[PDB]
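Provided below as C-alpha cells are two forms of one protein chain, presented individually as structure 1 and structure 2.
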Structure 1
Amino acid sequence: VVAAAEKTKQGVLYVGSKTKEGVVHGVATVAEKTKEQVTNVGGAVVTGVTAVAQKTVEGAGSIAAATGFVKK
C-alpha cells in the first residue's frame, strides 16, 4: 500500500442547494438479536446535505489507507 505524488516547476465554482426536509444516512448497520457486530471503517466516509469538495488537490497529495479483518 504505497502512494506517491510529486509536482515540480522550473473562474467561478458555484454550488447552489435549496432543499426541504432532507434525511441523509451515510453508513448504517441495523440488526436485531445478533451475537457480534463489527463496523470497521478505514477509508473516508463523507456525509452531508450539501457535500461539496472544490479544488481538493492542486499540489502534491497522496492518501494511503489499509484495513484488515482476521478472525481465524
Structure 2
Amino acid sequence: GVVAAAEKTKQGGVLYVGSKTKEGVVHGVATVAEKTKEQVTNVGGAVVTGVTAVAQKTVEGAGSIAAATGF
C-alpha cells in the first residue's frame, strides 16, 4: 500500500535581507475549494512564508511523502 520511508545515516556567507513595505498581504501554500472530497496537504520540506520570508539551509535531509488520495 502507501509506504513512505526516509533514511539519513551520516556515518562521518553573509546574507543581508532588508524590506520596507507599507502594506503587505502574503499567502503561502493555500488550497481553496467549495465542494471537494479530500483536501490533504502534506508538508515534508519548508513552507517559510511571510512579508520578509527568508529560508537558509532548510531541507537538507531524507524526506519521503507517500499519498494515496482517492480510490
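In this text, the rigid core denotes the largest set of C-alpha atoms whose superposition between the two forms falls within 1.5 Å. Along the sequence of structure 1, residues get numbers from 1 upward.
Colleague: By the 2 angstroms cut-off, has the C-alpha of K55 moved between the two structures once the rigid core is superposed?
Modeller: It does, since the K55 C-alpha is displaced 2 Å or more between the two structures after the core fit.
Colleague: Does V24 show a Cα shift reaching 2 Å between the two structures after rigid-core superposition?
Modeller: The answer is no; the displacement is under 2 Å.
Colleague: Please report, in Å, how much the Cα atom of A64 moves between the two structures when the rigid core is superposed.
Modeller: On core superposition, this C-alpha lies 15.4 Å from its counterpart.
Colleague: For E36, what C-alpha shift in Å results between the two structures following superposition on the rigid core?
Modeller: Between its two positions, the C-alpha of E36 lies 1.2 Å apart after core fitting.
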